[PDB]
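Trainee: I'd like to ask you about the structure that follows.
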Amino acid sequence: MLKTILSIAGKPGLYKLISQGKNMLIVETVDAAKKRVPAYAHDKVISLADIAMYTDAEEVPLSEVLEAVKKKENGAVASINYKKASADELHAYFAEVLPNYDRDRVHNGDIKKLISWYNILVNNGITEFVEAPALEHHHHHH
């Protein structure tokens, strides 16, 4: 479940935490190499277990709204690209499948941080977070 993937809003992207130490966290790059990297709690180390967005519907974790926008592209990578798209393009890409997003709670660059991890997600597959089969096949209940 959401515990192992740490979401990084700094220079790197996504990590897998194995163990915590009082200097450095023992993590793995979620990548093709998968190297053991010392993580430091300064480079915007957030839990992806924590990331959620409150919208017109219930409280939706970032993984489930990833599913909703990924549904469009059939499990491909993000065609938006956050480092080429305008701020208007960011919210309009989300509003293609979910136009019920608000601008009150969703205002903290929530889609922008999402696209940053979203390209990394499809890069190695991660595990599974969308009913389009990349590794497993999910069932819609959420």
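Naming scheme: A, B, ... for chains in displayed order of the structure tokens; residues 1 onward per chain; ligands 1 onward as shown.
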Do a neighbour search on residue 111 (chain A) at 9 Å with only C-alpha atoms, toss out local chain neighbours closer than 5 positions, and write the hits as a PDB file with N, CA and C atoms, in the first residue's frame.
Mentor:
```pdb
ATOM      1  N   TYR A  82       5.207  18.829 -17.471  1.00  0.00           N
ATOM      2  CA  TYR A  82       5.068  20.012 -16.606  1.00  0.00           C
ATOM      3  C   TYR A  82       6.165  21.063 -16.848  1.00  0.00           C
ATOM      4  N   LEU A  90      -1.766  23.097 -17.068  1.00  0.00           N
ATOM      5  CA  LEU A  90      -1.703  22.176 -15.929  1.00  0.00           C
ATOM      6  C   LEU A  90      -3.093  21.827 -15.400  1.00  0.00           C
ATOM      7  N   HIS A  91      -3.938  22.843 -15.166  1.00  0.00           N
ATOM      8  CA  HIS A  91      -5.280  22.601 -14.631  1.00  0.00           C
ATOM      9  C   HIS A  91      -6.270  22.139 -15.709  1.00  0.00           C
ATOM     10  N   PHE A  94      -6.010  18.307 -16.227  1.00  0.00           N
ATOM     11  CA  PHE A  94      -6.673  17.588 -15.153  1.00  0.00           C
ATOM     12  C   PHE A  94      -8.190  17.649 -15.342  1.00  0.00           C
ATOM     13  N   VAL A 106      -7.280  22.757  -4.017  1.00  0.00           N
ATOM     14  CA  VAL A 106      -6.334  22.504  -5.100  1.00  0.00           C
ATOM     15  C   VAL A 106      -5.806  23.853  -5.613  1.00  0.00           C
ATOM     16  N   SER A 116       5.243  15.786 -11.920  1.00  0.00           N
ATOM     17  CA  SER A 116       6.651  15.533 -11.634  1.00  0.00           C
ATOM     18  C   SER A 116       6.879  14.058 -11.278  1.00  0.00           C
TER      19      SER A 116
END
```
Trainee: List the spatial neighbours of region 59-71 of chain A as a PyMOL selection string - criterion: any atom at most 6 Å away, only C-alpha atoms, same-chain residues fewer than 5 positions off excluded.
Mentor: chain A and resi 51-54+129-130
Trainee: From the set A:123, A:38, A:95, A:9, which residue has the shortest atom-to-atom contact distance to residue 21 (chain A), counting only C-alpha atoms?
Mentor: A:38
Trainee: Would you kindly return, as a ChimeraX atom specification, each protein, DNA or RNA residue with an atom no farther than 7 Å from any atom of region 100-102 of chain A, considering only C-alpha atoms and excluding same-chain residues fewer than 3 positions away?
Mentor: /A:55-56,105-106
Trainee: Would you mind exporting C-alpha atoms of the selected residues as a JSON list (two decimals), in the first residue's frame?
Mentor:
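Okay, result.json is ready:
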```json
[["chain", "number", "residue", "atom", "x", "y", "z"],
["A", 55, "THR", "CA", -12.14, 17.92, -4.64],
["A", 56, "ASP", "CA", -15.95, 18.15, -5.33],
["A", 105, "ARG", "CA", -7.95, 23.35, -1.76],
["A", 106, "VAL", "CA", -6.33, 22.50, -5.10]]
```
Trainee: Pick out the residues sitting within 12 Å of residue 89 (chain A), and hand them over as a compact mmCIF listing (two decimals) with C-alpha atoms, in the first residue's frame; count only C-alpha atoms, and ignore anything fewer than 6 positions along from it in its own chain.
Mentor:
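In the end it all went to selection14.txt:
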```txt
# COMPACT_ATOMS: atom_id res chain seq x y z
CA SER A 79 1.85 13.92 -22.68
CA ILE A 80 1.39 17.21 -20.77
CA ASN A 81 5.03 17.50 -19.48
CA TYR A 82 5.07 20.01 -16.61
CA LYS A 83 8.38 21.55 -17.78
CA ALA A 95 -10.09 19.06 -16.06
CA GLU A 96 -10.27 16.88 -19.18
CA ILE A 111 -1.17 19.04 -10.23
CA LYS A 112 2.40 20.33 -10.83
CA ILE A 115 3.10 15.53 -13.05
```
Trainee: List as an MDAnalysis selection string the protein and nucleic acid residues near residue 28 (chain A), meaning an atom at most 12 Å away when only C-alpha atoms are counted, but skip any in the same chain fewer than 2 places from it.
Mentor: chainID A and resid 4:6 12:19 25:26 30:39
Trainee: So that I can see what lies close to region 131-141 of chain A, please list as an mmCIF file with N, CA, C and O atoms, in the first residue's frame the residues with an atom at most 7 Å from it, counting only C-alpha atoms and leaving out residues fewer than 6 positions away in the same chain.
Mentor:
```cif
data_model
loop_
_atom_site.group_PDB
_atom_site.id
_atom_site.type_symbol
_atom_site.label_atom_id
_atom_site.label_comp_id
_atom_site.auth_asym_id
_atom_site.auth_seq_id
_atom_site.Cartn_x
_atom_site.Cartn_y
_atom_site.Cartn_z
ATOM 1 N N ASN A 74 -4.444 5.691 -21.691
ATOM 2 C CA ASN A 74 -4.430 4.208 -21.708
ATOM 3 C C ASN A 74 -3.158 3.632 -21.032
ATOM 4 O O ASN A 74 -2.648 2.570 -21.403
ATOM 5 N N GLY A 75 -2.662 4.333 -20.013
ATOM 6 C CA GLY A 75 -1.485 3.869 -19.296
ATOM 7 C C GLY A 75 -0.161 4.231 -19.962
ATOM 8 O O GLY A 75 0.854 3.591 -19.695
ATOM 9 N N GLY A 125 7.075 1.742 -14.324
ATOM 10 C CA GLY A 125 5.836 1.057 -13.965
ATOM 11 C C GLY A 125 5.405 1.260 -12.512
ATOM 12 O O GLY A 125 4.204 1.306 -12.243
#
```
Trainee: Extract the full set of alpha helix (DSSP H) residues from chain A according to DSSP on the backbone, and format it as a PyMOL selection string.
Mentor: chain A and resi 62-70+87-94+110-124
Trainee: Mind listing the strand (DSSP E) residues of region 12-130 of chain A, per DSSP on the backbone, as a PyMOL selection string?
Mentor: chain A and resi 14-20+25-29+36-39+45-47+52-54+59-61
Trainee: Pick from A:92, A:24, A:87, A:8: nearest to residue 117 (chain A), with only C-alpha atoms counted?
Mentor: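 Between A:92, A:24, A:87, A:8, the residue approaching residue 117 (chain A) most closely is A:8.
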